[PDB]
There are 2 protein chains.
Amino acid sequence: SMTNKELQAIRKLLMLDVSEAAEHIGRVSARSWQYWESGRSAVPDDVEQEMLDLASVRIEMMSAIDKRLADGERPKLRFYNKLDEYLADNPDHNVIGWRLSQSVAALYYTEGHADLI
Amino acid sequence: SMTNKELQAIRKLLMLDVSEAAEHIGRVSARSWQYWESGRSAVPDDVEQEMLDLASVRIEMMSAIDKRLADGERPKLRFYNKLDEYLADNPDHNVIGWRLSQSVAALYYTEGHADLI
RNA sequence: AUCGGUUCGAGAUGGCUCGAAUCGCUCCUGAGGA
């Protein structure tokens, strides 16, 4: 059972906007998502499960970069500034994968391990 | 020199809004900060220096939680929903420390090391 | 006019229906205006 604070924490960590999360994860309007983050309405179960699943996918993304850093190379990571240039390189992905790509790449750029292209 | 992608990456990692960074870090209008992130105008050096200094404060905070994690403790971290609630417990801080606190609390909640109150 | 971001207000309160402030896109002459 979630809490509005930790729901907002997971949403802000994965670099999602309110309307993007409302359309693609909630399937609700943005006002309903704002009422879930405010505690006026209780967070549903499936939203909790899907956000925990997306955090697991983020851990699977970080494991391969740790695997490459174990091999002594220095990775180059793609930081797409716009969704259309992301979809030019990615046929079968959406805005969630773009946000996950940005949130994974920003971490390893800030820690000094990798480079952004 | 710092590219616009790296500036946007560090800004989105620290959970700062455009207007907040434009007022306190940039001391400019938000229209100019969008030009620095869009690539129409070059990033000034004194913004680069400030963002790297702030990221070092974040690394210091993560080390400070990790030294408590080394004791076998399960730390209960504080996530603040509002700026005035943070200012009640931190009279001499401002909005930047609130955002940094929120990012560190979200990161340690997500990976299972900590609990949120 | 139209379209985006952030923060909020009501209502037999439901994953619902209506609204508000402000910053932008656009136009003019690290800035100011409608």
Side-chain angles (χ1 to χ4, degrees), chain A residues 1-54 80-87 94-96 98-99 102-103 106, chain B residues 1-4 6-51 54 79-87 94-96 98-103 106:
Chain A
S1 181
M2 253 174 154
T3 281
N4 67 293
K5 288 222 208 343
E6 66 206 61
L7 182 76
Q8 186 179 3
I10 296 186
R11 197 273 294 167
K12 290 179 67 70
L13 189 69
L14 303 184
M15 304 198 173
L16 297 153
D17 295 345
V18 175
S19 64
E20 292 165 353
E23 181 151 308
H24 290 283
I25 302 165
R27 284 161 343 270
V28 299
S29 63
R31 196 78 190 89
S32 302
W33 190 274
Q34 291 168 334
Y35 294 138
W36 295 335
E37 292 184 358
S38 268
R40 181 171 148 159
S41 188
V43 189
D45 282 76
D46 58 301
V47 185
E48 186 185 357
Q49 294 291 335
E50 151 92 329
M51 293 291 264
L52 266 47
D53 277 352
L54 287 172
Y80 297 97
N81 197 71
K82 316 198 136 33
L83 180 57
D84 40 294
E85 80 189 35
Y86 172 79
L87 293 177
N94 68 26
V95 73
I96 307 301
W98 180 47
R99 294 318 189 178
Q102 292 180 311
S103 74
Chain B
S1 57
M2 185 189 213
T3 42
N4 71 301
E6 293 160 316
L7 177 74
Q8 213 201 120
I10 307 187
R11 204 216 78 234
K12 293 174 68 69
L13 190 71
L14 304 183
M15 299 177 178
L16 297 153
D17 281 317
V18 169
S19 51
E20 300 175 352
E23 202 212 287
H24 303 81
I25 301 161
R27 291 177 307 271
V28 292
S29 100
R31 214 217 290 190
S32 289
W33 187 277
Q34 305 188 327
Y35 295 172
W36 297 334
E37 294 189 7
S38 266
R40 313 216 317 195
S41 181
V43 189
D45 180 41
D46 40 305
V47 176
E48 305 185 20
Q49 249 279 318
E50 247 304 279
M51 293 291 249
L54 277 165
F79 191 75
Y80 289 101
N81 282 130
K82 323 222 82 63
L83 179 62
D84 64 6
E85 299 174 328
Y86 172 82
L87 282 181
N94 66 343
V95 63
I96 295 186
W98 177 51
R99 294 306 191 185
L100 261 66
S101 168
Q102 282 187 328
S103 74

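Numbered from 1 within each chain, the chains take letters A, B, ... in sequence-line order.
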Take atom CZ of B:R11 and atom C1' of C:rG5, then tell me their distance rounded to the nearest Å.
10 Å
Any non-hydrogen side-chain atom of A:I96 less than 4.5 Å from a side-chain atom of A:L16?
yes
For A:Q102 against A:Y80, the heavy-atom pair lying closest together
NE2-O, 3.0 Å
Got a second to check how far A:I10's CD1 is from A:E6's CD, nearest 0.5 Å?
6.5 Å
Is C:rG19 a north or a south sugar when classified by the sign of torsion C1'-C2'-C3'-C4'?
north
Is a side-chain donor or acceptor of A:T3 paired with a backbone partner of A:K5 at a separation under 3.5 angstrom?
no
With P as the reference atom in both, quote the distance from C:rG9 to C:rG14 in angstrom, rounded to an integer.
16 Å
Length of the CD-P vector between B:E20 and C:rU22, whole Å:
18 Å
When you compare C:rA10 with C:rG15, how far apart are their P atoms, in angstrom units rounded to a whole number?
16 Å
Any donor and acceptor pair, going by atom type alone, linking the side chain of B:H24 with main-chain N or O of B:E20 inside 3.5 Å?
yes
If you count the non-hydrogen atoms of other residues, nucleotides and ligands that lie under 6.0 Å from CD in A:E23, is the total more than 12?
no
With distance as the sole criterion, is a donor-acceptor pair present between the side chains of A:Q8 and A:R11 under 3.5 Å?
no
Heavy atoms under 4.0 Å, any strand shown: does B:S32 hit a base, just sugar-phosphate, or nothing?
sugar-phosphate
Which part of the nucleic acid does B:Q34 contact within heavy-atom distance under 4.0 Å: base, sugar-phosphate only, or nothing?
sugar-phosphate
Integer-rounded Å distance: C:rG5 P and B:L16 CG:
19 Å
Pull up the glycosidic torsion of C:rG24 and say syn or anti, syn being anything within 90° of 0.
anti
Rounding to the closest angstrom, what is the interatomic distance between C:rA1 and C:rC23 at atom P?
15 Å
Any chance CG of A:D45 has more than 12 other-residue heavy atoms, nucleotides or ligands included, within less than 6.0 Å?
no
Using a cut-off of 4.0 Å on non-hydrogen atoms, how would the nucleic acid contact of A:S29 be classed: base, sugar-phosphate, or nothing?
sugar-phosphate
Counting only heavy atoms from other residues, nucleotides and ligands, does the tally under 6.0 Å from CD of A:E85 exceed 12?
yes
Taking C:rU26 as the reference, what is the distance to C:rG4 when you measure between their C1' atoms (whole Å, please)?
13 Å
Check nucleotides 10-12 of chain C for protein N or O atoms closer than 3.5 Å to its own N or O atoms and list the pairs.
residue, atom, partner, partner atom, Å
C:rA10, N6, A:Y35, OH, 3.0
C:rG11, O6, A:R40, NH2, 3.1

Using the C1' atom in both, what is the distance from C:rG24 to C:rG33, to the nearest Å?
16 Å
Mind checking A:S41 for me? I need base, sugar-phosphate or nothing, with any heavy atom below 4.0 Å counting as a touch.
sugar-phosphate
Beyond-backbone contact of A:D46 with A:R27, side-chain heavy atoms, under 4.5 angstrom:
yes
From C:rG24, C:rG15, C:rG5, pick the nucleotide closest to the side chain of A:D17?
C:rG5
Taking the six-membered rings only, are the centres of C:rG19 and C:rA20 under 5.5 Å apart with their planes within less than 30° of each other?
yes
From the candidates C:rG15, C:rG24, C:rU6, the one with an atom nearest any side-chain atom of A:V18 is C:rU6
Grab the CZ-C1' distance between B:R99 and C:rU7 for me, whole Å please.
11 Å
For A:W36 and A:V28, which heavy atoms make the closest approach, and how far apart are they?
CH2-CG1, 3.8 Å
Which nucleotide in the list C:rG5, C:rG30, C:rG24 gets nearest to the side chain of B:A30?
C:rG24
Name the stems that RNA chain C belongs to, where each is three or more consecutive Watson-Crick or G-U pairs with both distances under 3.5 Å?
C:3-11 with C:16-24, C:27-29 with C:31-33
In whole angstrom, what separates A:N4's CG from C:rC8's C1'?
16 Å
Using the P atom as the point on both nucleotides, what is the distance between C:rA12 and C:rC28, in whole Å?
50 Å
Sugar at C:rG4: north or south, per the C1'-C2'-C3'-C4' sign?
north
Determine the sugar pucker of C:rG5: a positive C1'-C2'-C3'-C4' angle counts as north, a negative one as south.
north
Between atom CG in B:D84 and atom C1' in C:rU7, what is the gap in whole Å?
13 Å
Start at the 5' end of RNA chain C and walk down; is the nucleotide closest to A:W36 or to B:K82 reached first?
B:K82
Which of C:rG15, C:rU6, C:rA31 is nearest the side chain of B:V28? It is C:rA31
Distance between the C1' atoms of C:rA34 and C:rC25, in whole angstroms?
15 Å
May I have the distance from A:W33 (atom CH2) to C:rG5 (atom P), rounded to whole angstrom?
15 Å
Evaluate the side-chain proximity of A:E37 to A:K12: yes if any heavy-atom separation is below 4.5 Å, no if none is.
no
Does a side-chain N or O from A:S19 land closer than 4.0 Å to OP1 or OP2 of C:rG5, or not?
yes
Whole angstroms only, please: what is the CZ-P distance between B:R27 and C:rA31?
12 Å
Would you indicate what A:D45 reaches in the nucleic acid, counting non-hydrogen atoms under 4.0 angstrom: base, sugar-phosphate, or nothing?
nothing
